[PDB]
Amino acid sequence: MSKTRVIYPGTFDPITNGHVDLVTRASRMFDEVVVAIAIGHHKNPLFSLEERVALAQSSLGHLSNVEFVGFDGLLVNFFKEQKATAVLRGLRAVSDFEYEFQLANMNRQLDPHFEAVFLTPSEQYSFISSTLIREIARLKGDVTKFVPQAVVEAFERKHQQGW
């Protein structure tokens, strides 16, 4: 009775094992999942859009109902362009929860069709974020346990080509 299409928006800078778990859980519950990678013009991602899309496709491309798209502008305009049923967000901590509550209500005011659904991480990924991973990698820590092997290699090639 109409295919469901959920957008999963994020910087994915880089994708972690926690994002992989979330997308895999979502792909079991909706007909289509869009991994929506916010380009970040007036922000400053460590990995380019192309690197972030490739790392995501390497980790999640084996899931046949998952698409990978870069976007910018208002999430609600992307939501309407994509004809989404909902946006999906992971909730890791309390400040995540308060911020996401506020955004969902603001977006519902911009577009009354907007919907947001939330997943909580399995406890083995609950302490992982892209920001903390970037920090351990930058200080030459081993991030192998928190991210796909392709991301581990991308941090070496970020190093080698600079860093």
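Don't overthink the numbering: it's just position in the shown sequence, from 1. Take the two forms, find the largest set of C-alpha atoms that superpose within 1.5 Å, and that set is the rigid core.
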Q: With the rigid core held as the alignment frame, decide whether 91 to 99 or 31 to 39 lies farther from the shown form in 6 other deposited structures of this protein, in terms of RMS C-alpha distance.
A: 91 to 99
Q.
Per the record, averaged over C-alpha atoms, which has the higher B-factor: 139 to 147 or 13 to 21?
A. 139 to 147
Q. With respect to the recorded C-alpha B factors, which stretch has the higher mean value, 66 to 74 or 35 to 43?
A. 35 to 43
Q. Whose CA atom has the top B-factor in the entry, of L49, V94, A56, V117?
A. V94
Q: Using the B-factors in the PDB entry, rank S129's C-alpha atom against the chain and give the third, lowest, middle or highest.
A: middle
Q: Within this chain's modelled residues, let me know which third the CA B factor of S27 belongs to: lowest, middle or highest.
A: middle
Q: Please rank the C-alpha B-factors of the chain's modelled residues and tell me whether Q102 sits in the lowest, middle or highest third.
A: middle
